[PDB]
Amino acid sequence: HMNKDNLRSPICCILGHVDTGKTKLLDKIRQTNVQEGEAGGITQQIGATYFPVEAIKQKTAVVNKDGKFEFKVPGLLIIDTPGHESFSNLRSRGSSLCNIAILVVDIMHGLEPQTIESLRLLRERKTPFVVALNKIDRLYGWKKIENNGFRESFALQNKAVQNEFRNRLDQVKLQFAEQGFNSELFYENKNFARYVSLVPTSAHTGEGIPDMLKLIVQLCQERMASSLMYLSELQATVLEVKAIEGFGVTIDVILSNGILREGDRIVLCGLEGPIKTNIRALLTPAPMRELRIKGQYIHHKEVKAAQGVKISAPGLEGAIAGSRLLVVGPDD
């Protein structure tokens, strides 16, 4: 139950209007270049990256120099989603999977239609979230300290930069208020339960990202339901069905809760009806790497939620994306 083994890694979504820098932020954290790789210059699928709590500590050290801050989660599974208006469905699915979220707003553009759509998803599903005010490097005469906490860098800026920041921030708060949300700059926020925290960030310079990370950890630990900190009954969802060399037809699955084990008899839904099979191989990508991206896999005898995993099993042809996955126990 509330044991410290059986701890669960929560799920965080990233949602936002097109080209606001979701994938870019993820690339900056991962130290990867998925964004350049994307065909057509757009994100068209749900992406999963697992972040061990160690990496989060290391990346939040600058805003946690004293070391006061307490990390209770073992890790965090982070879900990239499409921003283009066409993919409402995938945003809906991703949102359906997450426990908490990051809503990315381009500080230069403010709230845009898919920002509003995402806001409806978050509000309707009562998902705790913070807002990343991205692309602060686009403030006129912004001067950069790489991977710095926002407040430290902001203190260094000239008064013109600070003025323009406060203008754009004020406009964004007005916009959120028009959408029925009270929002606050994160260190100015006194009602964490009811007011949305705003984190200024740059995906290019990495500034404000430590603040964002420590804030999503905070979301997990103080706004998310406490039971979700621990593993309960198994829940898993199929993201994708693809043919992989030497593994045949495989499925990309989000393990939301519970534990998946090699040899588990599983059932999922195909076009015609149910598919019953056995997990032959339980795979994850390397930590800090996309499940979608092709790389050599790490084989597991078991995997604990929440994680993005690739399952190799016979007879997965016809599996449907978005279908839940169940484990069948030996006795009837």
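Throughout, we count residues from 1 along the sequence that is shown.
Note on 56 to 64 vs 278 to 286: mean CA B-factor is higher in 56 to 64.
Between 191 to 199 and 99 to 107, it is 191 to 199 that carries the larger average Cα temperature factor according to the deposited entry.
Within the selection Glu222, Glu117, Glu85, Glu240, the deposited Cα B-factor values reach their highest point at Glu222. The PDB entry assigns its highest CA temperature factor, among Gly263, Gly41, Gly47, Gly295, to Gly295. Sort the modelled residues of the chain by CA B factor and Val172 lands in the middle third.
The deposited CA B-factor of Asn257 belongs to the middle third of values across its chain. Residue-level temperature factors show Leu26 in the lowest third of its chain, judged at the C-alpha atom.
Ranked against the other modelled residues of its chain, the C-alpha B-factor of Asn134 as given in the entry falls in the lowest third. In the PDB entry, a CA B factor belonging to the lowest third of its chain's modelled residues is recorded for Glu112.
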